[PDB]
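Contents: one structure, followed by commentary.
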Amino acid sequence: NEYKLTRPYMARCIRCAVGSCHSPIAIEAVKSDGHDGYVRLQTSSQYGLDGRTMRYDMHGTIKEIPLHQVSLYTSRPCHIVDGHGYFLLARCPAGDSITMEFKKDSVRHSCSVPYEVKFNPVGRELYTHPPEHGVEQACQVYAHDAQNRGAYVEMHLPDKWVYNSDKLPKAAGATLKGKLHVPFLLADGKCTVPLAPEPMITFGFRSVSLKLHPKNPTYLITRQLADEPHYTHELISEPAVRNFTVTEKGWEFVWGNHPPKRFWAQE
Amino acid sequence: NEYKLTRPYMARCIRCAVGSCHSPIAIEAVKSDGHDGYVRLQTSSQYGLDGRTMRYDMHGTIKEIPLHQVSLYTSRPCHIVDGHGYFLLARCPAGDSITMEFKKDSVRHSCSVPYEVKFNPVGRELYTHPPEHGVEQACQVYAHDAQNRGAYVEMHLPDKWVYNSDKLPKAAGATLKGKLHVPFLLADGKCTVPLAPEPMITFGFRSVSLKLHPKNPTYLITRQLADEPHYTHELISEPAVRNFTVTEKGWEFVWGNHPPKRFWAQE
Amino acid sequence: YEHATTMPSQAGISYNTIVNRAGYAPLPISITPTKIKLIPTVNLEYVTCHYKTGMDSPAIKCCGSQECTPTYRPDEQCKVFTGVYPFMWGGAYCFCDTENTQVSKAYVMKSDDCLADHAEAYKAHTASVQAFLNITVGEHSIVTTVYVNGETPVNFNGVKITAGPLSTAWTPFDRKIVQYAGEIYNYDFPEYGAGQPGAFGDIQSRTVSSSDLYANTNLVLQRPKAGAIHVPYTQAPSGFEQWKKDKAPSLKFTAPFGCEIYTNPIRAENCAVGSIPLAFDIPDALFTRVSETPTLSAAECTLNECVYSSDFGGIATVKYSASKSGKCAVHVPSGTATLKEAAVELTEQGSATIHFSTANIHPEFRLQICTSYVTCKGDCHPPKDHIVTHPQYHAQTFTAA
Amino acid sequence: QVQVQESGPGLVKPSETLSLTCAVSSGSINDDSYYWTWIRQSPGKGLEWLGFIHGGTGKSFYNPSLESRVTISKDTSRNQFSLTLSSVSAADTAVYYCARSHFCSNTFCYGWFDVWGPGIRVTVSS
Amino acid sequence: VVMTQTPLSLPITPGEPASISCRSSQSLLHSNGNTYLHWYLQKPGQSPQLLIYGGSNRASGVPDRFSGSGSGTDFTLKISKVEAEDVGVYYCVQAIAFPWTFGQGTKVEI
């Protein structure tokens, strides 16, 4: 077990709301490589049960705030989904920083860190906020299991265990080291990706004409079903008219997350 | 009546501060197609007088918060202006979402929705936040009057009335319908638009030289006053030096929100 | 009896041929490929994923003098710094101005998510072509899977069928393949130990659960700044991210001959290319002679309505006076047409309709019923929709006019 | 395959908010197609259903008799599963179990529950 | 909703079939063509395992020594050849309308 066995530390942050400090909410690690805006943080606090709260360290005395008074933001605010151990899971948009802050009965405490939270949309309609309804595809999202899937991080005794951080030195008594699981792993699933409007398809002699009116930047992929593919791959944000030549062999057409359609001429 | 007969409802929002669920503060509609940042919202919660409050639906029971605890944000925070019925009027800047949220005793409620709020500046100096001072052009902004102008939306009994929503189904007993008015229609008025700096105008033999030093993106619109106009539209942000030829037939130009100035050459 | 026919490798389409012996009755063979696969021999080379810059802690000594213990982590850097943790009110709670000593150590391990966010590099060769057929050789119905290497037969009720080889020897799958999220890419991935930073191969484990990884990430330990204890490092961006945000589209969106690429069982299904040969060995039992079939009947064909479309446009009408009211095979020995069915059912003294396809403005195709050579001739009106979604059901010789 | 255990106290004092829990040992609570149930057995009454909830899209379903005083909840962070029973009585002395349901690809999962835990006795006594 | 199980007990000596009945208040057939019935086997000292659902559908890890059928409201569980390990209780079980009420329990022993 973690919350009944370990202890959080203080550590260096650039911006502790007045220059630097030794911060109770230091950010050691940020991961934003999954698809739909889930970020994972590795803080210098803990998140336990006594029913989901935050235990932090401040000049020896170990403190406690609820998790609802915590607030983190990148360029807009975020929404904490969960916390477990030193780690935390949220729903954050893109920004050139992650910031975190809370308020005891006096001036607020905060920490910011430059890590590029990156929104990584799913599919072939590049979006910025995920869609109400749509088709469903594979998505690797920072899951909500705090169970041991195989990842680990190291830690050590200095009475209680503490993470083996770059912002703290190493004792010389004995390296009584140990390993604790990294929750909030990146797992598969099914996410709801948008569906662009129906393309308008005007025929002609060995010719297709494509009137396209996208709601969002949608990729278009066209090729041929012949020995020479001629693959055209373009991102489209404005309304467009794209004409293509379609032999007796074939011509494949893929607009966003729609399925592939095929066309071939006849005399 | 006015109104004392309606009821709010729960409904699907994508995001509710933990994934998806039914939300009291859903957003059925957003309209952001006015000039100076006004947006109108249409939610699953009401706004009234018993003073400006928010009566929301929650698991059968009916609740009430004020309208200083509510908070909506798109990319920067908004500032509510008024509320009436299921509708809400605000001053929001540009973003790719509308989030809305509040907090009873311990829980925070939220609803976010992808809608393209857009700031549509008046005039020919494309600004992002309006100026302290400037000339006065004609604008259409979602007004603050909540009188009955002619716009109506539908609703029905299933004891109390409820909106004819896509996120609620229809009863089979009796379709007892009715219509209620939308306030805050888009009405005319007069708005304050920035005035660019004075263009510098050096002369030359049958020529004019414009030195331009803008504070923000601005339209330069030039034409000749002859049978062949040669209209030159440009957006200008950098400090520029544009030289134009000017005949006896005439030449006029327009720099941002300034009036049109007519220059005429001679020998 | 033996027969050596050729089938265009094109799924969804039927192939109605016949075996006609000089004395005995015909046999219709309707074979329809439902799927046609193309499976390369994949040999693993390495895997890759994001990296995680592990940072062993500072080893600090106040008025000290340290030495680096050589460890063998992947891309194990190590240094010693002098001066950087000056006095008290200088972070390390050391007493001294200089001769305070830090030892920094930074290694490069694979991500905590490398089990389910990782690309697999592959070397391909030796396509083991393969197929699914829907077969009717003499009033039967089989859904057999078939290899079209010409040594692996199938057997139904005395027949022996053997398919292939020489399906044009083509593959889309280039020598170097990368697999990621079900998508397959023809990238020139570098070998295990030639991967450079900022490229696909900055982290190279031989398997996803090996014991050794190779890390060339361009890491350079830097000097800290007083104020607090820390370990700095300049490191390159991962090449996984950079390949990801700059890769071309997949082989399913750049493949010729209309191939559909698929998953871990790497395969290109439905490549409309080449022609698979089929060699038969039919027995004499299911090969019956005339005495139980109708016969020559003074038949006459007419082409009522012909359109030279890609599909079954034409209708032929044969007027006969036959002995028995039963079944007959039907076929056109030439490529001047392609018929929907192989089995017509003659009544006693009636007529019969035949839906067919063709591509000539003046068809004259030697149509066949049980033993006869009836001859349909006519003209063909042009078509009504010059883009369709139903592919070609004919041969397209230089026989317009 | 999916072991299940149950926990919570025993002699809860009468007229109080009783509570129990139940863990999912080596299994998924956040999955669809499985719903999780609570079932009691009183001496001489026979078995009895209380309520359940789905894993994904977890909105609850109760018994209208004691819907006024029953509550089922969940915590994905611990993969646990719970029950809170207000305003207890005398006859409620019972053995409480928690149960999983079969992969509900059909309408037979209704009632068709499977791998259990041992049980927790509850004697509302003094 | 109410459901009666008959008999309260069933003495037997092995080597024989058997039959037990259940009468449900409302017709437990549904418009979608399904007879919602479950039969739980409770051994001594364990939680209820199953033998026969759907009115006539066997379970997966079940022996073939059982069967069941019925109509609307009158349902029958039939055993083919009783063994020693069949000692316990049988529960008739209902699911088409809340509450998911269960049976009173027929005790089986040799």
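Residue numbers start at 1 in each chain; chains themselves are named A, B, ... in the order of the structure tokens; ligands are numbered from 1 in the order shown.
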Within 10 Å of residue 91 (chain E) using only C-alpha atoms, minus same-chain residues under 2 positions, as a short mmCIF file (atom, residue, chain, number, x, y, z; two decimals) with N, CA and C atoms, in the first residue's frame:
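Generated file (around-v3.cif):
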data_model
loop_
_atom_site.label_atom_id
_atom_site.label_comp_id
_atom_site.auth_asym_id
_atom_site.auth_seq_id
_atom_site.Cartn_x
_atom_site.Cartn_y
_atom_site.Cartn_z
N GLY D 46 -35.82 -16.77 3.16
CA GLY D 46 -35.32 -17.00 1.83
C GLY D 46 -34.50 -15.83 1.34
N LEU D 47 -33.86 -16.04 0.20
CA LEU D 47 -33.00 -15.02 -0.38
C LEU D 47 -33.81 -13.79 -0.76
N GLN E 5 -43.05 -21.78 -4.86
CA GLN E 5 -42.29 -22.96 -5.24
C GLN E 5 -42.88 -24.15 -4.50
N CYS E 22 -43.03 -24.53 -10.09
CA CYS E 22 -43.01 -23.12 -9.69
C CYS E 22 -44.16 -22.41 -10.38
N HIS E 38 -35.06 -18.53 -13.86
CA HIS E 38 -33.76 -19.05 -13.47
C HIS E 38 -33.94 -20.01 -12.31
N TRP E 39 -33.09 -21.04 -12.28
CA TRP E 39 -33.08 -22.03 -11.22
C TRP E 39 -31.71 -22.05 -10.57
N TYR E 40 -31.65 -21.69 -9.29
CA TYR E 40 -30.40 -21.66 -8.55
C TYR E 40 -30.27 -22.91 -7.70
N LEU E 41 -29.10 -23.53 -7.77
CA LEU E 41 -28.71 -24.63 -6.89
C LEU E 41 -27.85 -24.07 -5.77
N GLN E 42 -28.28 -24.27 -4.53
CA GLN E 42 -27.50 -23.86 -3.36
C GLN E 42 -27.02 -25.12 -2.65
N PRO E 48 -25.27 -19.46 -4.29
CA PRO E 48 -26.09 -20.21 -5.25
C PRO E 48 -25.45 -20.28 -6.63
N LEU E 50 -25.88 -22.26 -10.52
CA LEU E 50 -27.01 -22.41 -11.42
C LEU E 50 -26.97 -23.71 -12.20
N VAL E 89 -30.53 -26.97 -1.71
CA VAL E 89 -31.82 -26.31 -1.91
C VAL E 89 -31.90 -25.80 -3.34
N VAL E 93 -36.56 -18.45 -9.63
CA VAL E 93 -36.07 -17.07 -9.71
C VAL E 93 -36.65 -16.36 -10.93
N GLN E 94 -37.00 -15.09 -10.74
CA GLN E 94 -37.82 -14.25 -11.61
C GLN E 94 -37.12 -12.93 -11.89
N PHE E 102 -37.12 -13.97 -5.76
CA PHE E 102 -36.63 -15.34 -5.80
C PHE E 102 -37.64 -16.27 -5.15
N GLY E 103 -37.35 -17.57 -5.22
CA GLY E 103 -38.22 -18.58 -4.66
C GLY E 103 -38.02 -18.77 -3.17
N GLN E 104 -38.93 -19.56 -2.59
CA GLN E 104 -38.90 -19.80 -1.15
C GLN E 104 -37.89 -20.88 -0.78
N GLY E 105 -37.61 -21.81 -1.68
CA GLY E 105 -36.61 -22.83 -1.46
C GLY E 105 -37.17 -24.22 -1.23
N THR E 106 -36.86 -25.14 -2.14
CA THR E 106 -37.21 -26.54 -1.99
C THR E 106 -35.96 -27.31 -1.57
N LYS E 107 -35.99 -27.91 -0.39
CA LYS E 107 -34.83 -28.59 0.18
C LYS E 107 -34.79 -30.02 -0.35
#
Point-to-point distance in Å for CA of residue 397 (chain C) and CA of residue 4 (chain C)
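These atoms are spaced 22.1 Å apart.
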Contacts of residue 74 (chain E) within 8 Å, only C-alpha atoms, excl. fewer than 4 positions in-chain, as a count of residues only
5
7 Å contacts from chain A to chain D using only C-alpha atoms, as JSON, numbers by chain
{"A": [144, 145, 146]}
Please write the residues from the selection above to a file, keeping N, CA and C atoms, as a CSV table (one decimal), in the first residue's frame.
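Dumped to part25.csv:
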chain,number,residue,atom,x,y,z
A,144,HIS,N,-8.1,4.8,-16.0
A,144,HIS,CA,-8.5,5.1,-14.7
A,144,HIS,C,-8.3,3.9,-13.7
A,145,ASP,N,-7.5,2.9,-14.1
A,145,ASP,CA,-7.1,1.9,-13.1
A,145,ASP,C,-5.9,2.3,-12.4
A,146,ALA,N,-6.0,2.1,-11.0
A,146,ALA,CA,-4.8,2.3,-10.2
A,146,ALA,C,-4.2,1.0,-9.8
Write out as JSON, numbers by chain all residues of region 60-152 of chain C that DSSP puts in strand (DSSP E or B) for this structure's backbone.
{"C": [60, 61, 77, 78, 79, 80, 81, 82, 101, 102, 103, 104, 105, 106, 107, 108, 109, 110, 119, 120, 121, 122, 123, 124, 125, 126, 127, 128, 129, 130, 131, 132, 133, 134, 135, 136, 137, 142, 145, 146, 147]}
Put those residues in a file: C-alpha atoms, as a compact mmCIF listing (two decimals), in the first residue's frame.
# COMPACT_ATOMS: atom_id res chain seq x y z
CA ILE C 60 26.46 15.72 -2.68
CA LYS C 61 29.44 16.21 -0.40
CA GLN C 77 25.95 9.55 -18.48
CA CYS C 78 27.72 10.64 -15.33
CA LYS C 79 29.77 13.64 -14.29
CA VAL C 80 31.09 15.49 -11.28
CA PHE C 81 30.70 19.22 -10.70
CA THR C 82 32.72 21.49 -8.42
CA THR C 101 30.87 18.36 -5.03
CA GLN C 102 27.85 17.00 -6.88
CA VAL C 103 27.64 13.78 -8.84
CA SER C 104 24.85 13.61 -11.39
CA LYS C 105 23.76 10.51 -13.29
CA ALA C 106 21.09 10.31 -15.97
CA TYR C 107 20.04 7.21 -17.88
CA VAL C 108 17.45 6.59 -20.57
CA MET C 109 14.86 3.89 -19.92
CA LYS C 110 11.79 2.91 -21.86
CA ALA C 119 5.98 0.56 -32.95
CA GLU C 120 7.25 -2.77 -34.23
CA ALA C 121 9.92 -2.87 -36.93
CA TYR C 122 9.85 -5.74 -39.40
CA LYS C 123 11.63 -7.28 -42.36
CA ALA C 124 9.39 -8.85 -45.00
CA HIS C 125 9.83 -11.44 -47.73
CA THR C 126 8.27 -14.48 -49.35
CA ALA C 127 4.60 -13.69 -49.78
CA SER C 128 2.56 -16.80 -48.98
CA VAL C 129 -0.40 -16.05 -51.21
CA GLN C 130 -3.70 -17.53 -50.09
CA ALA C 131 -7.41 -17.23 -50.77
CA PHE C 132 -10.99 -18.12 -49.87
CA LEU C 133 -13.18 -19.63 -52.59
CA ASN C 134 -16.87 -20.40 -52.99
CA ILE C 135 -16.94 -23.37 -55.34
CA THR C 136 -19.50 -25.36 -57.36
CA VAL C 137 -17.98 -28.15 -59.47
CA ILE C 142 -17.97 -25.49 -50.86
CA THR C 145 -9.76 -21.99 -48.09
CA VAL C 146 -7.09 -22.47 -50.74
CA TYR C 147 -3.41 -21.87 -51.05
CA of residue 63 (chain D) to CA of residue 124 (chain D), straight-line distance in Å
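So the two atoms, CA of residue 124 (chain D) and CA of residue 63 (chain D), lie 20.9 Å apart.
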What is the distance, in Å and to one decimal place, between CA of residue 261 (chain C) and CA of residue 36 (chain A)?
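Computed distance, CA of residue 261 (chain C) to CA of residue 36 (chain A), equals 26.1 Å.
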Taking only C-alpha atoms into account, what are the residues of chain D at most 8 Å from chain E, put as an mmCIF file with N, CA, C and O atoms, in the first residue's frame?
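Written file, out-v8.cif:
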data_model
loop_
_atom_site.group_PDB
_atom_site.id
_atom_site.type_symbol
_atom_site.label_atom_id
_atom_site.label_comp_id
_atom_site.auth_asym_id
_atom_site.auth_seq_id
_atom_site.Cartn_x
_atom_site.Cartn_y
_atom_site.Cartn_z
ATOM 1 N N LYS D 45 -36.629 -16.471 5.815
ATOM 2 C CA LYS D 45 -37.293 -15.690 4.784
ATOM 3 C C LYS D 45 -37.002 -16.199 3.383
ATOM 4 O O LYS D 45 -37.863 -16.075 2.504
ATOM 5 N N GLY D 46 -35.823 -16.768 3.165
ATOM 6 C CA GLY D 46 -35.324 -17.001 1.829
ATOM 7 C C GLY D 46 -34.500 -15.828 1.344
ATOM 8 O O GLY D 46 -34.426 -14.764 1.965
ATOM 9 N N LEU D 47 -33.857 -16.039 0.202
ATOM 10 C CA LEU D 47 -32.998 -15.019 -0.377
ATOM 11 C C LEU D 47 -33.810 -13.789 -0.765
ATOM 12 O O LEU D 47 -35.042 -13.808 -0.777
ATOM 13 N N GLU D 48 -33.105 -12.706 -1.078
ATOM 14 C CA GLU D 48 -33.756 -11.441 -1.371
ATOM 15 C C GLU D 48 -32.817 -10.566 -2.185
ATOM 16 O O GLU D 48 -31.616 -10.516 -1.917
ATOM 17 N N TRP D 49 -33.386 -9.871 -3.164
ATOM 18 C CA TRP D 49 -32.648 -8.922 -3.984
ATOM 19 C C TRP D 49 -32.791 -7.518 -3.425
ATOM 20 O O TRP D 49 -33.854 -7.136 -2.930
ATOM 21 N N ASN D 63 -34.709 -1.447 -5.151
ATOM 22 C CA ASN D 63 -35.991 -2.070 -4.869
ATOM 23 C C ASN D 63 -36.926 -1.020 -4.282
ATOM 24 O O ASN D 63 -36.578 -0.432 -3.246
ATOM 25 N N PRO D 64 -38.094 -0.736 -4.874
ATOM 26 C CA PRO D 64 -38.931 0.364 -4.369
ATOM 27 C C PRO D 64 -39.397 0.218 -2.930
ATOM 28 O O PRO D 64 -39.815 1.219 -2.338
ATOM 29 N N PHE D 108 -30.725 -12.147 -20.893
ATOM 30 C CA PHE D 108 -30.727 -13.139 -19.834
ATOM 31 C C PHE D 108 -29.851 -12.764 -18.651
ATOM 32 O O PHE D 108 -29.985 -13.377 -17.594
ATOM 33 N N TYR D 110 -30.248 -10.409 -16.803
ATOM 34 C CA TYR D 110 -31.168 -9.959 -15.778
ATOM 35 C C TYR D 110 -31.429 -11.097 -14.807
ATOM 36 O O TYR D 110 -32.121 -12.064 -15.139
ATOM 37 N N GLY D 111 -30.867 -10.993 -13.606
ATOM 38 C CA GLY D 111 -30.976 -12.030 -12.609
ATOM 39 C C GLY D 111 -29.922 -13.101 -12.697
ATOM 40 O O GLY D 111 -29.639 -13.755 -11.689
ATOM 41 N N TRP D 112 -29.325 -13.299 -13.864
ATOM 42 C CA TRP D 112 -28.377 -14.385 -14.086
ATOM 43 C C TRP D 112 -27.007 -13.938 -13.612
ATOM 44 O O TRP D 112 -26.153 -13.542 -14.404
ATOM 45 N N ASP D 114 -23.387 -14.540 -11.136
ATOM 46 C CA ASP D 114 -22.292 -15.501 -11.105
ATOM 47 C C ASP D 114 -21.260 -14.995 -10.099
ATOM 48 O O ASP D 114 -21.636 -14.254 -9.186
ATOM 49 N N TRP D 116 -19.172 -15.199 -6.845
ATOM 50 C CA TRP D 116 -19.559 -14.573 -5.594
ATOM 51 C C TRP D 116 -18.336 -14.310 -4.719
ATOM 52 O O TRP D 116 -17.189 -14.547 -5.118
ATOM 53 N N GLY D 117 -18.601 -13.824 -3.511
ATOM 54 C CA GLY D 117 -17.667 -13.864 -2.421
ATOM 55 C C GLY D 117 -18.283 -14.677 -1.303
ATOM 56 O O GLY D 117 -19.429 -15.120 -1.412
ATOM 57 N N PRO D 118 -17.550 -14.907 -0.219
ATOM 58 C CA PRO D 118 -18.080 -15.793 0.825
ATOM 59 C C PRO D 118 -19.342 -15.252 1.475
ATOM 60 O O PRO D 118 -20.377 -15.920 1.477
#
Of E:20, E:108, E:29, E:1, the one nearest to residue 77 (chain E) when counting only C-alpha atoms is E:20
Could you pull the residues within 9 Å of residue 51 (chain D), counting only C-alpha atoms, minus those fewer than 3 positions along the same chain, as a ChimeraX atom specification?
/D:36-39,60-63,70-72 /E:99-100
Residues near residue 75 (chain C), anyone? I mean within 12 Å using only C-alpha atoms, not counting same-chain ones fewer than 2 positions away, as a ChimeraX atom specification.
/C:51-55,70-73,77-78,105-110,197,202-204,212-221,235
Write out the residues from the selection above, keeping C-alpha atoms, as a compact mmCIF listing (two decimals), in the first residue's frame.
# COMPACT_ATOMS: atom_id res chain seq x y z
CA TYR C 51 11.89 7.21 -23.62
CA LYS C 52 11.96 8.36 -20.03
CA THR C 53 15.03 10.21 -18.83
CA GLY C 54 15.67 8.51 -15.53
CA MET C 55 17.65 10.75 -13.21
CA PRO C 70 30.81 3.43 -13.64
CA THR C 71 27.34 1.94 -14.12
CA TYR C 72 26.04 0.43 -17.35
CA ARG C 73 22.54 1.81 -17.82
CA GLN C 77 25.95 9.55 -18.48
CA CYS C 78 27.72 10.64 -15.33
CA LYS C 105 23.76 10.51 -13.29
CA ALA C 106 21.09 10.31 -15.97
CA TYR C 107 20.04 7.21 -17.88
CA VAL C 108 17.45 6.59 -20.57
CA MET C 109 14.86 3.89 -19.92
CA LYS C 110 11.79 2.91 -21.86
CA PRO C 197 18.49 10.79 -31.97
CA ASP C 202 16.37 6.30 -30.68
CA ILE C 203 15.28 3.50 -28.33
CA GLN C 204 15.79 -0.06 -29.53
CA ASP C 212 18.57 -4.58 -22.80
CA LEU C 213 17.76 -1.46 -24.78
CA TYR C 214 19.95 0.72 -26.96
CA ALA C 215 19.65 4.47 -26.37
CA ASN C 216 21.29 7.13 -28.55
CA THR C 217 19.40 10.22 -27.39
CA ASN C 218 22.08 12.97 -27.43
CA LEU C 219 22.10 13.58 -23.68
CA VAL C 220 24.51 16.07 -22.15
CA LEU C 221 24.50 16.66 -18.42
CA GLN C 235 18.29 15.97 -24.30
For residue 173 (chain C), work out the shell of residues within 12 Å, counting only C-alpha atoms and skipping chain neighbours fewer than 5 positions away, then give it as a VMD selection string.
chain C and resid 38 to 42 122 to 127 178 to 179 184 to 187 250 to 252 254 to 256 259 to 262 266 to 268
Would you write out those residues with N, CA and C atoms, as a tab-separated table (two decimals), in the first residue's frame?
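Output file result_1.tsv is given in full below:
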chain	number	residue	atom	x	y	z
C	38	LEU	N	-2.52	-12.04	-49.20
C	38	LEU	CA	-1.12	-11.90	-49.60
C	38	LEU	C	-0.33	-11.62	-48.32
C	39	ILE	N	0.30	-12.65	-47.79
C	39	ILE	CA	0.82	-12.68	-46.43
C	39	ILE	C	2.34	-12.77	-46.51
C	40	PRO	N	3.10	-11.74	-46.12
C	40	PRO	CA	4.55	-11.86	-46.18
C	40	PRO	C	5.12	-12.58	-44.97
C	41	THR	N	6.35	-13.06	-45.13
C	41	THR	CA	7.06	-13.67	-44.03
C	41	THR	C	7.74	-12.58	-43.24
C	42	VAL	N	7.27	-12.37	-42.02
C	42	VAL	CA	7.69	-11.25	-41.19
C	42	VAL	C	8.68	-11.76	-40.16
C	122	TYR	N	10.00	-4.45	-38.76
C	122	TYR	CA	9.85	-5.74	-39.40
C	122	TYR	C	10.60	-5.79	-40.71
C	123	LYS	N	11.09	-6.98	-41.05
C	123	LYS	CA	11.63	-7.28	-42.36
C	123	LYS	C	10.73	-8.31	-43.03
C	124	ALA	N	10.34	-8.03	-44.27
C	124	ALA	CA	9.39	-8.85	-45.00
C	124	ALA	C	10.04	-9.55	-46.18
C	125	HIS	N	9.47	-10.69	-46.53
C	125	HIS	CA	9.83	-11.44	-47.73
C	125	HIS	C	8.85	-12.58	-47.90
C	126	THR	N	8.87	-13.18	-49.09
C	126	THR	CA	8.27	-14.48	-49.35
C	126	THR	C	6.77	-14.47	-49.04
C	127	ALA	N	6.05	-13.71	-49.87
C	127	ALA	CA	4.60	-13.69	-49.78
C	127	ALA	C	4.03	-15.09	-49.95
C	178	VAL	N	6.89	-1.08	-40.76
C	178	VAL	CA	6.66	-0.58	-39.41
C	178	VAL	C	5.19	-0.72	-39.11
C	179	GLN	N	4.88	-1.25	-37.94
C	179	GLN	CA	3.52	-1.51	-37.50
C	179	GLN	C	3.20	-0.64	-36.29
C	184	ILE	N	0.23	0.16	-41.16
C	184	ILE	CA	1.49	-0.38	-41.65
C	184	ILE	C	2.11	0.63	-42.59
C	185	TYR	N	3.42	0.84	-42.45
C	185	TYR	CA	4.16	1.87	-43.14
C	185	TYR	C	5.45	1.30	-43.69
C	186	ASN	N	5.86	1.76	-44.87
C	186	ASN	CA	7.11	1.32	-45.48
C	186	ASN	C	8.20	2.35	-45.20
C	187	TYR	N	8.76	2.24	-44.00
C	187	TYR	CA	9.83	3.11	-43.54
C	187	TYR	C	11.15	2.35	-43.58
C	250	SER	N	-0.50	5.62	-44.49
C	250	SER	CA	-0.24	4.21	-44.37
C	250	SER	C	-0.21	3.54	-45.74
C	251	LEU	N	0.16	2.26	-45.74
C	251	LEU	CA	0.19	1.49	-46.96
C	251	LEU	C	-1.20	1.15	-47.45
C	252	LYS	N	-2.21	1.32	-46.61
C	252	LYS	CA	-3.58	1.12	-47.05
C	252	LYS	C	-4.10	2.31	-47.82
C	254	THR	N	-1.73	4.18	-49.73
C	254	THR	CA	-0.72	4.42	-50.74
C	254	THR	C	-0.41	3.16	-51.55
C	255	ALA	N	-1.19	2.10	-51.41
C	255	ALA	CA	-0.93	0.85	-52.10
C	255	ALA	C	-1.56	0.86	-53.49
C	256	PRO	N	-0.88	0.36	-54.52
C	256	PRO	CA	-1.54	0.14	-55.81
C	256	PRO	C	-2.27	-1.19	-55.87
C	259	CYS	N	-5.24	-2.61	-52.89
C	259	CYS	CA	-5.05	-3.53	-51.79
C	259	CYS	C	-5.61	-2.95	-50.50
C	260	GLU	N	-6.07	-3.84	-49.64
C	260	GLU	CA	-6.53	-3.51	-48.29
C	260	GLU	C	-5.58	-4.16	-47.29
C	261	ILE	N	-4.79	-3.34	-46.61
C	261	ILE	CA	-3.82	-3.86	-45.66
C	261	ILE	C	-4.53	-4.12	-44.34
C	262	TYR	N	-4.00	-5.07	-43.57
C	262	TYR	CA	-4.62	-5.46	-42.32
C	262	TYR	C	-3.54	-5.70	-41.26
C	266	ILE	N	-0.15	-9.70	-40.82
C	266	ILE	CA	0.08	-8.75	-41.90
C	266	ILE	C	-0.34	-9.36	-43.22
C	267	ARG	N	-1.17	-8.63	-43.95
C	267	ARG	CA	-1.76	-9.17	-45.15
C	267	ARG	C	-2.34	-8.03	-45.97
C	268	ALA	N	-2.29	-8.22	-47.28
C	268	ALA	CA	-2.93	-7.35	-48.26
C	268	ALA	C	-4.06	-8.16	-48.90
Contact set, chain C to chain A: 9 Å, only C-alpha atoms, as number ranges by chain
C: 54-60, 92, 104, 111-113, 115-117, 181, 227-232, 241, 249, 253-259, 271-273, 308-310, 382-383, 385-392
If we count only C-alpha atoms, what is near residue 16 (chain E) at a cut-off of 10 Å, once residues fewer than 3 positions away on the same chain are taken out, given as a PDB file with C-alpha atoms, in the first residue's frame?
ATOM      1  CA  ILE E  12     -35.642 -39.374  -2.522  1.00  0.00           C
ATOM      2  CA  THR E  13     -33.321 -42.355  -2.795  1.00  0.00           C
ATOM      3  CA  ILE E  79     -33.807 -34.029 -12.806  1.00  0.00           C
ATOM      4  CA  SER E  80     -32.763 -37.159 -14.680  1.00  0.00           C
ATOM      5  CA  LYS E  81     -30.745 -39.236 -12.196  1.00  0.00           C
ATOM      6  CA  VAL E  82     -30.062 -37.944  -8.697  1.00  0.00           C
ATOM      7  CA  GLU E  83     -26.593 -38.435  -7.216  1.00  0.00           C
TER       8      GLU E  83
END
Select all residues from chain A having any atom no more than 10 Å from an atom of chain B (counting only C-alpha atoms, ignoring ligands), output as an MDAnalysis selection string.
chainID A and resid 66 68:69 75:82 90:91 127:133
For residue 201 (chain B), which residue among B:243, B:177, B:235, B:259 is the nearest when counting only C-alpha atoms?
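Smallest separation from residue 201 (chain B) among the options: B:243.
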